[PDB]
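Okay, structure first, notes after.
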Amino acid sequence: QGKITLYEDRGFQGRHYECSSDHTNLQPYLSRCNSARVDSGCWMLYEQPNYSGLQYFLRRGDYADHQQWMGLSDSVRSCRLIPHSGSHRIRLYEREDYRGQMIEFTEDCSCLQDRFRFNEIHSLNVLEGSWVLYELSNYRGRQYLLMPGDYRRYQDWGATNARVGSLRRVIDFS
């Protein structure tokens, strides 16, 4: 299991709270959360409560500022713990309902354009080892979490589109 420490203020100060399980409302404990520390496991922070807004992928390490975990927007009133770390297999599909060209990955892909021509995914099948799609390559944009399941559209993970640049697998071992 994962275990992080979130601090209402940066540099790990002010009020602090340790979460070892999925949460939908941290407002009562944290009013901001400008920094975080991940001891183990992969955690995701949501700008909105009940995971209803933007998400930030966090991994084992120390973050003294939000902008470090890709915090595009301060705040953060909820957080979830990402399960799965065994095998990592996923089958991205061009069109919805697993239609059109398909490609399967089993590791990190910094540059999809090298493995899959299409620059967007409108569906995918995650068998194991949750994944994290990135709008662009070199992981420097938006990020979406794909838990183990069956996706037939991009709206499943609440996305503005399908545009995909890269993808990684979530590991709690590291």
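Letters A, B, ... go to the chains of the structure tokens in the order shown; residues in each chain start at 1; ligands are counted from 1 in the same order.
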
Env of residue A:163: 10 Å cut, atoms = only C-alpha atoms, seq-sep filter 4 positions within chain, self excluded. Answer as number ranges by chain. A: 118-122, 133-136, 154, 159

Need the shell around residue A:49: protein/DNA/RNA residues with any atom at most 7 Å away, counting only C-alpha atoms. Skip same-chain ones fewer than 2 positions apart. Format as a PyMOL selection string? chain A and resi 24-25+46-47+51-52+77-78

Go through stretch 19-69 of chain A and flag each residue having an atom no more than 12 Å from stretch 84-103 of chain A; for those, report the closest pair of atoms plus their distance in Å to one decimal, using only C-alpha atoms, ordered by chain and rising number, as a tab-separated table.
residue	atom	partner	partner_atom	distance
A:41	CA	A:85	CA	9.1
A:42	CA	A:85	CA	9.5
A:43	CA	A:84	CA	11.7

For stretch 58-63 of chain A, work out the shell of residues within 7 Å, counting only C-alpha atoms and skipping chain neighbours fewer than 5 positions away, then give it as a list in words. residues 35, 36, 37, 38, 39, 40, 41, 42, 43, 44, 68 and 69 of chain A

Write the residues of the preceding selection, restricted to N, CA and C atoms, as an mmCIF file, in the first residue's frame.
data_model
loop_
_atom_site.group_PDB
_atom_site.id
_atom_site.type_symbol
_atom_site.label_atom_id
_atom_site.label_comp_id
_atom_site.auth_asym_id
_atom_site.auth_seq_id
_atom_site.Cartn_x
_atom_site.Cartn_y
_atom_site.Cartn_z
ATOM 1 N N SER A 35 2.449 21.059 -0.914
ATOM 2 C CA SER A 35 3.595 20.149 -0.906
ATOM 3 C C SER A 35 3.158 18.761 -0.468
ATOM 4 N N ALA A 36 3.957 17.762 -0.825
ATOM 5 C CA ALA A 36 3.623 16.383 -0.488
ATOM 6 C C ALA A 36 4.865 15.502 -0.451
ATOM 7 N N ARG A 37 4.792 14.429 0.332
ATOM 8 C CA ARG A 37 5.894 13.475 0.454
ATOM 9 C C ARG A 37 5.342 12.067 0.298
ATOM 10 N N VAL A 38 5.867 11.333 -0.673
ATOM 11 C CA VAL A 38 5.439 9.958 -0.936
ATOM 12 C C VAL A 38 6.521 8.984 -0.496
ATOM 13 N N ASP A 39 6.221 8.245 0.559
ATOM 14 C CA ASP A 39 7.155 7.259 1.085
ATOM 15 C C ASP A 39 7.222 6.034 0.174
ATOM 16 N N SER A 40 6.060 5.578 -0.280
ATOM 17 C CA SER A 40 5.983 4.424 -1.147
ATOM 18 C C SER A 40 4.643 4.438 -1.859
ATOM 19 N N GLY A 41 4.550 3.716 -2.958
ATOM 20 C CA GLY A 41 3.302 3.652 -3.702
ATOM 21 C C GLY A 41 3.157 4.846 -4.634
ATOM 22 N N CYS A 42 2.178 4.766 -5.532
ATOM 23 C CA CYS A 42 1.899 5.858 -6.465
ATOM 24 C C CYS A 42 0.574 6.500 -6.089
ATOM 25 N N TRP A 43 0.600 7.807 -5.865
ATOM 26 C CA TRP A 43 -0.603 8.541 -5.473
ATOM 27 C C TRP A 43 -1.014 9.549 -6.532
ATOM 28 N N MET A 44 -2.307 9.824 -6.561
ATOM 29 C CA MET A 44 -2.870 10.810 -7.473
ATOM 30 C C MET A 44 -3.711 11.801 -6.677
ATOM 31 N N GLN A 68 5.615 20.884 -8.607
ATOM 32 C CA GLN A 68 6.580 19.798 -8.815
ATOM 33 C C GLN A 68 5.884 18.533 -9.292
ATOM 34 N N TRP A 69 4.697 18.266 -8.775
ATOM 35 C CA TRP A 69 3.965 17.073 -9.189
ATOM 36 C C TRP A 69 3.115 17.347 -10.405
#

Given only C-alpha atoms as the basis, pick out the residue of A:157, A:17, A:12, A:29 nearest to residue A:66. A:12

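The residue that comes closest to residue A:148, out of A:19, A:167, A:127, A:76 and on the basis of only C-alpha atoms, is A:127.
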
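Taking atom CA of residue A:54 and atom CA of residue A:149 as endpoints, the distance between them is 20.5 Å.
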
All helix (DSSP H, G or I) residues (DSSP, backbone) inside chain A, as a count of residues only: 10

Fewer than 6 positions away in the same chain doesn't count, so skip those; otherwise give me all residues within 12 Å of residue A:166, counting only C-alpha atoms, as a count of residues only. 31
